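Everything on this sheet refers to the single structure shown next.
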Amino acid sequence: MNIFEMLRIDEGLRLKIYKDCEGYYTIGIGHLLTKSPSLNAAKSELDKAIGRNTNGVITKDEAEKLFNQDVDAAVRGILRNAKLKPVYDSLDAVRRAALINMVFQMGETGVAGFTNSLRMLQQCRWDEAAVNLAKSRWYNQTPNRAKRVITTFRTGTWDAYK
C-alpha cells in the first residue's frame, strides 16, 4: 500500500465532472475544480487544467496526471508549512501518508488548524490524538473516510485499507 493507492481508495476515479461530498465540482481522483455553483466555471477550470477543450470529460491518463500533480503539491505544501513540517518530520512512513491524505482533502490551512492533534502526533500519543481528531467537522461530515485516516494515525499500519 502507498499514498497513491490509499488516496485512490478514498477519492475514487470519475472521468466526468461530478459533485463532491460538499457539493463542489470535481473530477478525476478527487481533483477539486471550483467551489462555485456554476457548471460553466467548472468546465472552464477543467479546460485550463488539462490544456484542451474537454466538454467536461477526461481520459484516465489525464486523470492520473492531475493526481500525480496533486499528490506532489500536497507533499510540498506540507514541507513548506511551518506548522506542518515538524510534525511530518517526526512521523514514521505510514503515518506520514495519513497526514498527506488530510492535506490533499482539506488543504494546508485546514490541517494547520488541528493544533492540539498535531502537537499530540509530535509526542507519539496515538490514542489521544485519535480521539481529538474525531472531534471535528471533518469526522462528523465524512465519517467513513475520517475513520480510515484516523485508524492509520492510531496504529501506524494499513489495516483500515486492507
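Following the order of the C-alpha cells, first chain is A, next is B, and so on, with residues numbered from 1 inside each chain and ligands from 1 in the order they appear.
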| message | Report as a list in words all protein, DNA and RNA residues lying within 12 Å of residue 82 (chain A), evaluated on only C-alpha atoms, omitting residues in the same chain fewer than 6 positions from it. | response |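 Residues near the query, excluding close chain neighbours: residues 76, 88, 89, 108, 109, 111 and 112 of chain A.
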Taking only C-alpha atoms into account, produce a table as CSV in which each residue of region 60-141 of chain A with an atom at most 12 Å from an atom of region 35-56 of chain A appears once, together with its shortest atom pair and the distance in Å to one decimal, ordered by chain and rising number.
residue,atom,partner,partner_atom,distance
A:61,CA,A:50,CA,10.8
A:62,CA,A:50,CA,7.3
A:63,CA,A:50,CA,9.3
A:64,CA,A:50,CA,11.4
A:65,CA,A:50,CA,9.2
A:66,CA,A:49,CA,8.1
A:67,CA,A:49,CA,11.7
A:69,CA,A:49,CA,10.8
A:70,CA,A:49,CA,11.5
Backbone DSSP call of helix (DSSP H, G or I) for region 45-135 of chain A, listed as a PDB file with N, CA, C and O atoms, in the first residue's frame:
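Output file out-v6.pdb is given in full below:
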ATOM      1  N   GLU A  45     -12.479  25.839 -15.731  1.00  0.00           N
ATOM      2  CA  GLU A  45     -11.324  25.413 -14.930  1.00  0.00           C
ATOM      3  C   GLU A  45     -10.720  24.121 -15.479  1.00  0.00           C
ATOM      4  O   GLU A  45      -9.502  23.993 -15.659  1.00  0.00           O
ATOM      5  N   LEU A  46     -11.575  23.154 -15.775  1.00  0.00           N
ATOM      6  CA  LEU A  46     -11.092  21.884 -16.313  1.00  0.00           C
ATOM      7  C   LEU A  46     -10.256  22.110 -17.593  1.00  0.00           C
ATOM      8  O   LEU A  46      -9.179  21.536 -17.803  1.00  0.00           O
ATOM      9  N   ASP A  47     -10.778  22.928 -18.514  1.00  0.00           N
ATOM     10  CA  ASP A  47     -10.065  23.156 -19.759  1.00  0.00           C
ATOM     11  C   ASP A  47      -8.648  23.706 -19.550  1.00  0.00           C
ATOM     12  O   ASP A  47      -7.657  23.287 -20.205  1.00  0.00           O
ATOM     13  N   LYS A  48      -8.593  24.692 -18.664  1.00  0.00           N
ATOM     14  CA  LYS A  48      -7.326  25.334 -18.289  1.00  0.00           C
ATOM     15  C   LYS A  48      -6.332  24.337 -17.600  1.00  0.00           C
ATOM     16  O   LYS A  48      -5.133  24.299 -17.913  1.00  0.00           O
ATOM     17  N   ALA A  49      -6.860  23.470 -16.697  1.00  0.00           N
ATOM     18  CA  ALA A  49      -6.070  22.407 -16.050  1.00  0.00           C
ATOM     19  C   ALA A  49      -5.531  21.350 -17.004  1.00  0.00           C
ATOM     20  O   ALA A  49      -4.426  20.866 -16.849  1.00  0.00           O
ATOM     21  N   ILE A  50      -6.334  20.950 -17.979  1.00  0.00           N
ATOM     22  CA  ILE A  50      -5.898  19.934 -18.915  1.00  0.00           C
ATOM     23  C   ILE A  50      -5.160  20.551 -20.120  1.00  0.00           C
ATOM     24  O   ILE A  50      -4.476  19.845 -20.821  1.00  0.00           O
ATOM     25  N   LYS A  60      -8.454   8.650 -18.580  1.00  0.00           N
ATOM     26  CA  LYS A  60      -7.768   8.053 -17.467  1.00  0.00           C
ATOM     27  C   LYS A  60      -6.328   8.590 -17.312  1.00  0.00           C
ATOM     28  O   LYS A  60      -5.867   8.950 -16.209  1.00  0.00           O
ATOM     29  N   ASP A  61      -5.614   8.666 -18.416  1.00  0.00           N
ATOM     30  CA  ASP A  61      -4.267   9.222 -18.387  1.00  0.00           C
ATOM     31  C   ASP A  61      -4.309  10.631 -17.833  1.00  0.00           C
ATOM     32  O   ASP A  61      -3.483  11.039 -17.037  1.00  0.00           O
ATOM     33  N   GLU A  62      -5.280  11.402 -18.336  1.00  0.00           N
ATOM     34  CA  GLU A  62      -5.403  12.755 -17.898  1.00  0.00           C
ATOM     35  C   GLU A  62      -5.742  12.776 -16.415  1.00  0.00           C
ATOM     36  O   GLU A  62      -5.184  13.599 -15.696  1.00  0.00           O
ATOM     37  N   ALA A  63      -6.629  11.846 -15.958  1.00  0.00           N
ATOM     38  CA  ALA A  63      -6.947  11.768 -14.529  1.00  0.00           C
ATOM     39  C   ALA A  63      -5.695  11.500 -13.653  1.00  0.00           C
ATOM     40  O   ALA A  63      -5.510  12.166 -12.579  1.00  0.00           O
ATOM     41  N   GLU A  64      -4.791  10.574 -14.114  1.00  0.00           N
ATOM     42  CA  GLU A  64      -3.597  10.278 -13.325  1.00  0.00           C
ATOM     43  C   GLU A  64      -2.581  11.360 -13.328  1.00  0.00           C
ATOM     44  O   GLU A  64      -1.870  11.601 -12.359  1.00  0.00           O
ATOM     45  N   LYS A  65      -2.563  12.073 -14.405  1.00  0.00           N
ATOM     46  CA  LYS A  65      -1.617  13.166 -14.445  1.00  0.00           C
ATOM     47  C   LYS A  65      -1.968  14.232 -13.377  1.00  0.00           C
ATOM     48  O   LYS A  65      -1.141  14.687 -12.593  1.00  0.00           O
ATOM     49  N   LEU A  66      -3.264  14.624 -13.309  1.00  0.00           N
ATOM     50  CA  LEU A  66      -3.729  15.575 -12.298  1.00  0.00           C
ATOM     51  C   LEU A  66      -3.433  15.046 -10.890  1.00  0.00           C
ATOM     52  O   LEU A  66      -3.073  15.815  -9.997  1.00  0.00           O
ATOM     53  N   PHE A  67      -3.684  13.730 -10.707  1.00  0.00           N
ATOM     54  CA  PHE A  67      -3.494  13.134  -9.384  1.00  0.00           C
ATOM     55  C   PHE A  67      -2.010  13.212  -8.979  1.00  0.00           C
ATOM     56  O   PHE A  67      -1.647  13.657  -7.843  1.00  0.00           O
ATOM     57  N   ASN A  68      -1.128  12.795  -9.905  1.00  0.00           N
ATOM     58  CA  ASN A  68       0.293  12.914  -9.618  1.00  0.00           C
ATOM     59  C   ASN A  68       0.664  14.356  -9.239  1.00  0.00           C
ATOM     60  O   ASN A  68       1.388  14.631  -8.269  1.00  0.00           O
ATOM     61  N   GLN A  69       0.125  15.360  -9.987  1.00  0.00           N
ATOM     62  CA  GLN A  69       0.457  16.744  -9.615  1.00  0.00           C
ATOM     63  C   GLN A  69      -0.084  17.131  -8.246  1.00  0.00           C
ATOM     64  O   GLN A  69       0.492  17.938  -7.470  1.00  0.00           O
ATOM     65  N   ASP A  70      -1.307  16.634  -8.008  1.00  0.00           N
ATOM     66  CA  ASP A  70      -1.976  16.926  -6.750  1.00  0.00           C
ATOM     67  C   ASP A  70      -1.271  16.288  -5.571  1.00  0.00           C
ATOM     68  O   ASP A  70      -1.179  16.956  -4.546  1.00  0.00           O
ATOM     69  N   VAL A  71      -0.755  15.054  -5.714  1.00  0.00           N
ATOM     70  CA  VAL A  71      -0.028  14.454  -4.589  1.00  0.00           C
ATOM     71  C   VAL A  71       1.288  15.226  -4.369  1.00  0.00           C
ATOM     72  O   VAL A  71       1.637  15.602  -3.228  1.00  0.00           O
ATOM     73  N   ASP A  72       2.025  15.552  -5.458  1.00  0.00           N
ATOM     74  CA  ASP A  72       3.301  16.288  -5.313  1.00  0.00           C
ATOM     75  C   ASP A  72       3.089  17.678  -4.656  1.00  0.00           C
ATOM     76  O   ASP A  72       3.790  18.177  -3.777  1.00  0.00           O
ATOM     77  N   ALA A  73       1.975  18.293  -4.945  1.00  0.00           N
ATOM     78  CA  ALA A  73       1.712  19.590  -4.390  1.00  0.00           C
ATOM     79  C   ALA A  73       1.442  19.514  -2.899  1.00  0.00           C
ATOM     80  O   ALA A  73       1.815  20.365  -2.121  1.00  0.00           O
ATOM     81  N   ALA A  74       0.782  18.452  -2.493  1.00  0.00           N
ATOM     82  CA  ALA A  74       0.420  18.292  -1.114  1.00  0.00           C
ATOM     83  C   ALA A  74       1.671  18.073  -0.283  1.00  0.00           C
ATOM     84  O   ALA A  74       1.869  18.748   0.742  1.00  0.00           O
ATOM     85  N   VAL A  75       2.538  17.180  -0.776  1.00  0.00           N
ATOM     86  CA  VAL A  75       3.784  16.934  -0.051  1.00  0.00           C
ATOM     87  C   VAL A  75       4.575  18.244   0.197  1.00  0.00           C
ATOM     88  O   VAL A  75       4.969  18.615   1.318  1.00  0.00           O
ATOM     89  N   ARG A  76       4.723  18.983  -0.882  1.00  0.00           N
ATOM     90  CA  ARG A  76       5.460  20.209  -0.848  1.00  0.00           C
ATOM     91  C   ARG A  76       4.791  21.260   0.020  1.00  0.00           C
ATOM     92  O   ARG A  76       5.431  21.975   0.801  1.00  0.00           O
ATOM     93  N   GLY A  77       3.471  21.250   0.038  1.00  0.00           N
ATOM     94  CA  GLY A  77       2.790  22.224   0.899  1.00  0.00           C
ATOM     95  C   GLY A  77       3.101  21.932   2.351  1.00  0.00           C
ATOM     96  O   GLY A  77       3.413  22.802   3.147  1.00  0.00           O
ATOM     97  N   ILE A  78       3.026  20.663   2.667  1.00  0.00           N
ATOM     98  CA  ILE A  78       3.383  20.177   3.984  1.00  0.00           C
ATOM     99  C   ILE A  78       4.798  20.661   4.285  1.00  0.00           C
ATOM    100  O   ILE A  78       5.104  21.361   5.288  1.00  0.00           O
ATOM    101  N   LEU A  79       5.693  20.308   3.367  1.00  0.00           N
ATOM    102  CA  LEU A  79       7.093  20.592   3.591  1.00  0.00           C
ATOM    103  C   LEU A  79       7.497  22.074   3.720  1.00  0.00           C
ATOM    104  O   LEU A  79       8.536  22.403   4.241  1.00  0.00           O
ATOM    105  N   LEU A  84       3.235  22.350   9.851  1.00  0.00           N
ATOM    106  CA  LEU A  84       3.119  21.013   9.342  1.00  0.00           C
ATOM    107  C   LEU A  84       4.439  20.298   9.298  1.00  0.00           C
ATOM    108  O   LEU A  84       4.546  19.134   9.593  1.00  0.00           O
ATOM    109  N   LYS A  85       5.457  20.964   8.818  1.00  0.00           N
ATOM    110  CA  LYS A  85       6.784  20.314   8.647  1.00  0.00           C
ATOM    111  C   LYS A  85       7.310  19.508   9.841  1.00  0.00           C
ATOM    112  O   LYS A  85       7.778  18.391   9.709  1.00  0.00           O
ATOM    113  N   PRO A  86       7.326  20.122  11.010  1.00  0.00           N
ATOM    114  CA  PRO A  86       7.860  19.496  12.211  1.00  0.00           C
ATOM    115  C   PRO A  86       7.135  18.216  12.554  1.00  0.00           C
ATOM    116  O   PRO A  86       7.654  17.191  13.054  1.00  0.00           O
ATOM    117  N   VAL A  87       5.862  18.255  12.256  1.00  0.00           N
ATOM    118  CA  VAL A  87       5.062  17.062  12.512  1.00  0.00           C
ATOM    119  C   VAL A  87       5.429  15.916  11.539  1.00  0.00           C
ATOM    120  O   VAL A  87       5.568  14.776  11.919  1.00  0.00           O
ATOM    121  N   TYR A  88       5.429  16.223  10.242  1.00  0.00           N
ATOM    122  CA  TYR A  88       5.767  15.257   9.227  1.00  0.00           C
ATOM    123  C   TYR A  88       7.137  14.701   9.542  1.00  0.00           C
ATOM    124  O   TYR A  88       7.334  13.509   9.445  1.00  0.00           O
ATOM    125  N   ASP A  89       8.079  15.561   9.953  1.00  0.00           N
ATOM    126  CA  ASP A  89       9.424  15.079  10.230  1.00  0.00           C
ATOM    127  C   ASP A  89       9.444  14.117  11.349  1.00  0.00           C
ATOM    128  O   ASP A  89      10.255  13.233  11.451  1.00  0.00           O
ATOM    129  N   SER A  90       8.528  14.262  12.232  1.00  0.00           N
ATOM    130  CA  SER A  90       8.525  13.396  13.398  1.00  0.00           C
ATOM    131  C   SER A  90       7.889  12.031  13.199  1.00  0.00           C
ATOM    132  O   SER A  90       7.983  11.155  14.061  1.00  0.00           O
ATOM    133  N   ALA A  93       6.776   6.302   8.248  1.00  0.00           N
ATOM    134  CA  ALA A  93       6.288   6.347   6.871  1.00  0.00           C
ATOM    135  C   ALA A  93       4.779   6.211   6.664  1.00  0.00           C
ATOM    136  O   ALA A  93       4.222   6.822   5.697  1.00  0.00           O
ATOM    137  N   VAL A  94       4.157   5.327   7.464  1.00  0.00           N
ATOM    138  CA  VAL A  94       2.734   5.084   7.297  1.00  0.00           C
ATOM    139  C   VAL A  94       1.945   6.306   7.713  1.00  0.00           C
ATOM    140  O   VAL A  94       1.040   6.791   6.985  1.00  0.00           O
ATOM    141  N   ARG A  95       2.348   6.823   8.898  1.00  0.00           N
ATOM    142  CA  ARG A  95       1.690   7.986   9.480  1.00  0.00           C
ATOM    143  C   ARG A  95       1.912   9.206   8.668  1.00  0.00           C
ATOM    144  O   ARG A  95       1.049  10.087   8.595  1.00  0.00           O
ATOM    145  N   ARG A  96       3.057   9.267   7.983  1.00  0.00           N
ATOM    146  CA  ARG A  96       3.256  10.397   7.014  1.00  0.00           C
ATOM    147  C   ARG A  96       2.149  10.395   5.911  1.00  0.00           C
ATOM    148  O   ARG A  96       1.612  11.468   5.493  1.00  0.00           O
ATOM    149  N   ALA A  97       1.874   9.165   5.358  1.00  0.00           N
ATOM    150  CA  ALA A  97       0.863   9.076   4.286  1.00  0.00           C
ATOM    151  C   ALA A  97      -0.464   9.606   4.839  1.00  0.00           C
ATOM    152  O   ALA A  97      -1.247  10.255   4.115  1.00  0.00           O
ATOM    153  N   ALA A  98      -0.786   9.250   6.126  1.00  0.00           N
ATOM    154  CA  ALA A  98      -2.058   9.716   6.710  1.00  0.00           C
ATOM    155  C   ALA A  98      -2.115  11.234   6.784  1.00  0.00           C
ATOM    156  O   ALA A  98      -3.162  11.807   6.531  1.00  0.00           O
ATOM    157  N   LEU A  99      -0.994  11.912   7.067  1.00  0.00           N
ATOM    158  CA  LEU A  99      -1.076  13.390   7.095  1.00  0.00           C
ATOM    159  C   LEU A  99      -1.217  13.937   5.643  1.00  0.00           C
ATOM    160  O   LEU A  99      -1.826  15.012   5.375  1.00  0.00           O
ATOM    161  N   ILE A 100      -0.561  13.232   4.671  1.00  0.00           N
ATOM    162  CA  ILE A 100      -0.649  13.709   3.297  1.00  0.00           C
ATOM    163  C   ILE A 100      -2.130  13.622   2.876  1.00  0.00           C
ATOM    164  O   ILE A 100      -2.720  14.521   2.244  1.00  0.00           O
ATOM    165  N   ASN A 101      -2.773  12.502   3.246  1.00  0.00           N
ATOM    166  CA  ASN A 101      -4.211  12.319   2.945  1.00  0.00           C
ATOM    167  C   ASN A 101      -5.084  13.493   3.451  1.00  0.00           C
ATOM    168  O   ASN A 101      -5.904  14.069   2.745  1.00  0.00           O
ATOM    169  N   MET A 102      -4.824  13.913   4.674  1.00  0.00           N
ATOM    170  CA  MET A 102      -5.604  15.012   5.196  1.00  0.00           C
ATOM    171  C   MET A 102      -5.394  16.283   4.371  1.00  0.00           C
ATOM    172  O   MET A 102      -6.313  17.031   4.127  1.00  0.00           O
ATOM    173  N   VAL A 103      -4.147  16.584   4.074  1.00  0.00           N
ATOM    174  CA  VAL A 103      -3.787  17.794   3.345  1.00  0.00           C
ATOM    175  C   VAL A 103      -4.404  17.779   1.961  1.00  0.00           C
ATOM    176  O   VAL A 103      -4.943  18.758   1.483  1.00  0.00           O
ATOM    177  N   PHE A 104      -4.358  16.639   1.306  1.00  0.00           N
ATOM    178  CA  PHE A 104      -4.953  16.529  -0.023  1.00  0.00           C
ATOM    179  C   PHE A 104      -6.423  16.894  -0.022  1.00  0.00           C
ATOM    180  O   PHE A 104      -6.968  17.518  -0.902  1.00  0.00           O
ATOM    181  N   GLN A 105      -7.089  16.432   1.012  1.00  0.00           N
ATOM    182  CA  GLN A 105      -8.515  16.586   1.162  1.00  0.00           C
ATOM    183  C   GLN A 105      -8.930  17.968   1.638  1.00  0.00           C
ATOM    184  O   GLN A 105      -9.875  18.489   1.144  1.00  0.00           O
ATOM    185  N   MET A 106      -8.271  18.513   2.660  1.00  0.00           N
ATOM    186  CA  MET A 106      -8.711  19.706   3.307  1.00  0.00           C
ATOM    187  C   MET A 106      -7.827  20.906   3.189  1.00  0.00           C
ATOM    188  O   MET A 106      -8.165  22.000   3.671  1.00  0.00           O
ATOM    189  N   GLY A 107      -6.703  20.728   2.508  1.00  0.00           N
ATOM    190  CA  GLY A 107      -5.785  21.864   2.393  1.00  0.00           C
ATOM    191  C   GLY A 107      -4.831  22.086   3.614  1.00  0.00           C
ATOM    192  O   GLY A 107      -5.125  21.644   4.722  1.00  0.00           O
ATOM    193  N   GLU A 108      -3.698  22.769   3.329  1.00  0.00           N
ATOM    194  CA  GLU A 108      -2.616  23.086   4.268  1.00  0.00           C
ATOM    195  C   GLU A 108      -3.137  23.866   5.489  1.00  0.00           C
ATOM    196  O   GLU A 108      -2.804  23.682   6.677  1.00  0.00           O
ATOM    197  N   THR A 109      -3.980  24.804   5.140  1.00  0.00           N
ATOM    198  CA  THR A 109      -4.596  25.682   6.083  1.00  0.00           C
ATOM    199  C   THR A 109      -5.535  24.963   7.031  1.00  0.00           C
ATOM    200  O   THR A 109      -5.409  25.050   8.263  1.00  0.00           O
ATOM    201  N   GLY A 110      -6.451  24.196   6.422  1.00  0.00           N
ATOM    202  CA  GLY A 110      -7.384  23.419   7.203  1.00  0.00           C
ATOM    203  C   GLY A 110      -6.651  22.529   8.189  1.00  0.00           C
ATOM    204  O   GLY A 110      -6.984  22.517   9.341  1.00  0.00           O
ATOM    205  N   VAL A 111      -5.643  21.806   7.693  1.00  0.00           N
ATOM    206  CA  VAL A 111      -4.905  20.928   8.523  1.00  0.00           C
ATOM    207  C   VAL A 111      -4.139  21.632   9.615  1.00  0.00           C
ATOM    208  O   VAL A 111      -4.100  21.161  10.792  1.00  0.00           O
ATOM    209  N   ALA A 112      -3.533  22.733   9.207  1.00  0.00           N
ATOM    210  CA  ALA A 112      -2.745  23.558  10.117  1.00  0.00           C
ATOM    211  C   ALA A 112      -3.601  23.994  11.345  1.00  0.00           C
ATOM    212  O   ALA A 112      -3.082  24.235  12.461  1.00  0.00           O
ATOM    213  N   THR A 115      -4.313  22.036  15.706  1.00  0.00           N
ATOM    214  CA  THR A 115      -3.248  22.350  16.644  1.00  0.00           C
ATOM    215  C   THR A 115      -3.011  21.352  17.682  1.00  0.00           C
ATOM    216  O   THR A 115      -1.879  20.849  17.793  1.00  0.00           O
ATOM    217  N   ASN A 116      -4.082  21.107  18.440  1.00  0.00           N
ATOM    218  CA  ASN A 116      -3.973  20.122  19.532  1.00  0.00           C
ATOM    219  C   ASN A 116      -3.539  18.717  19.090  1.00  0.00           C
ATOM    220  O   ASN A 116      -2.683  18.067  19.677  1.00  0.00           O
ATOM    221  N   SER A 117      -4.141  18.281  18.007  1.00  0.00           N
ATOM    222  CA  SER A 117      -3.882  16.972  17.449  1.00  0.00           C
ATOM    223  C   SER A 117      -2.504  16.856  16.941  1.00  0.00           C
ATOM    224  O   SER A 117      -1.843  15.843  17.059  1.00  0.00           O
ATOM    225  N   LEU A 118      -2.121  17.881  16.247  1.00  0.00           N
ATOM    226  CA  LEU A 118      -0.785  17.937  15.721  1.00  0.00           C
ATOM    227  C   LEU A 118       0.247  17.865  16.830  1.00  0.00           C
ATOM    228  O   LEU A 118       1.272  17.200  16.726  1.00  0.00           O
ATOM    229  N   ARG A 119       0.004  18.574  17.897  1.00  0.00           N
ATOM    230  CA  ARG A 119       1.007  18.523  18.948  1.00  0.00           C
ATOM    231  C   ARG A 119       1.068  17.137  19.519  1.00  0.00           C
ATOM    232  O   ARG A 119       2.131  16.560  19.864  1.00  0.00           O
ATOM    233  N   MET A 120      -0.133  16.530  19.589  1.00  0.00           N
ATOM    234  CA  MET A 120      -0.166  15.146  20.100  1.00  0.00           C
ATOM    235  C   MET A 120       0.560  14.196  19.147  1.00  0.00           C
ATOM    236  O   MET A 120       1.234  13.275  19.573  1.00  0.00           O
ATOM    237  N   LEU A 121       0.456  14.395  17.851  1.00  0.00           N
ATOM    238  CA  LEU A 121       1.202  13.476  16.982  1.00  0.00           C
ATOM    239  C   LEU A 121       2.708  13.610  17.225  1.00  0.00           C
ATOM    240  O   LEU A 121       3.443  12.607  17.264  1.00  0.00           O
ATOM    241  N   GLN A 122       3.163  14.844  17.404  1.00  0.00           N
ATOM    242  CA  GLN A 122       4.560  15.065  17.654  1.00  0.00           C
ATOM    243  C   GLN A 122       5.054  14.335  18.899  1.00  0.00           C
ATOM    244  O   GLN A 122       6.215  14.030  19.031  1.00  0.00           O
ATOM    245  N   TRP A 126      -0.685   8.459  20.203  1.00  0.00           N
ATOM    246  CA  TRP A 126      -1.595   7.919  19.175  1.00  0.00           C
ATOM    247  C   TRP A 126      -3.057   7.840  19.584  1.00  0.00           C
ATOM    248  O   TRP A 126      -3.961   8.337  18.917  1.00  0.00           O
ATOM    249  N   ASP A 127      -3.311   7.333  20.755  1.00  0.00           N
ATOM    250  CA  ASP A 127      -4.707   7.268  21.122  1.00  0.00           C
ATOM    251  C   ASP A 127      -5.276   8.592  21.454  1.00  0.00           C
ATOM    252  O   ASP A 127      -6.450   8.826  21.121  1.00  0.00           O
ATOM    253  N   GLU A 128      -4.500   9.473  22.126  1.00  0.00           N
ATOM    254  CA  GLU A 128      -5.125  10.745  22.489  1.00  0.00           C
ATOM    255  C   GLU A 128      -5.367  11.523  21.225  1.00  0.00           C
ATOM    256  O   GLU A 128      -6.401  12.218  21.027  1.00  0.00           O
ATOM    257  N   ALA A 129      -4.383  11.382  20.348  1.00  0.00           N
ATOM    258  CA  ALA A 129      -4.585  12.051  19.056  1.00  0.00           C
ATOM    259  C   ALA A 129      -5.860  11.620  18.269  1.00  0.00           C
ATOM    260  O   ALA A 129      -6.577  12.458  17.662  1.00  0.00           O
ATOM    261  N   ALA A 130      -6.157  10.318  18.263  1.00  0.00           N
ATOM    262  CA  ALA A 130      -7.313   9.796  17.515  1.00  0.00           C
ATOM    263  C   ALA A 130      -8.611  10.288  18.044  1.00  0.00           C
ATOM    264  O   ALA A 130      -9.478  10.736  17.319  1.00  0.00           O
ATOM    265  N   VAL A 131      -8.682  10.343  19.346  1.00  0.00           N
ATOM    266  CA  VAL A 131      -9.854  10.945  19.968  1.00  0.00           C
ATOM    267  C   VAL A 131      -9.993  12.405  19.634  1.00  0.00           C
ATOM    268  O   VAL A 131     -11.095  12.858  19.415  1.00  0.00           O
ATOM    269  N   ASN A 132      -8.899  13.169  19.721  1.00  0.00           N
ATOM    270  CA  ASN A 132      -9.032  14.573  19.393  1.00  0.00           C
ATOM    271  C   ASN A 132      -9.458  14.801  17.929  1.00  0.00           C
ATOM    272  O   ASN A 132     -10.301  15.628  17.558  1.00  0.00           O
ATOM    273  N   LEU A 133      -8.807  14.044  17.041  1.00  0.00           N
ATOM    274  CA  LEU A 133      -9.120  14.211  15.604  1.00  0.00           C
ATOM    275  C   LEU A 133     -10.592  14.037  15.267  1.00  0.00           C
ATOM    276  O   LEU A 133     -11.154  14.715  14.402  1.00  0.00           O
ATOM    277  N   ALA A 134     -11.229  13.056  15.937  1.00  0.00           N
ATOM    278  CA  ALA A 134     -12.669  12.727  15.721  1.00  0.00           C
ATOM    279  C   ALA A 134     -13.609  13.848  16.108  1.00  0.00           C
ATOM    280  O   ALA A 134     -14.770  13.886  15.698  1.00  0.00           O
TER     281      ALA A 134
END
| request: Measuring atom to atom with only C-alpha atoms, identify which of A:34, A:144, A:136, A:123 is nearest to residue 160 (chain A). | output: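 Once distances to residue 160 (chain A) are computed over only C-alpha atoms, the minimum belongs to A:144.
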| remark: In Å and to one decimal, CA of residue 91 (chain A) is distant from CA of residue 124 (chain A) by 8.4 Å
| request: In Å, rounded to a single decimal, give me how far CA of residue 10 (chain A) is from CA of residue 149 (chain A). | output: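 Computing it gives 9.5 Å between the two atoms.
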| task | Calculate how many Å separate CA of residue 22 (chain A) from CA of residue 152 (chain A), rounding to one decimal. | result |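 CA of residue 22 (chain A) sits 23.6 Å away from CA of residue 152 (chain A).
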| query | Which of these, A:125, A:6, A:135, A:141, has the shortest distance to residue 155 (chain A) once you count only C-alpha atoms? | reply |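 The answer is A:125, which sits nearest to residue 155 (chain A).
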| message | Please identify the strand (DSSP E) residues within region 23-130 of chain A (assignment by DSSP from backbone atoms) and present them as a VMD selection string. | response | chain A and resid 25 to 28 31 to 34
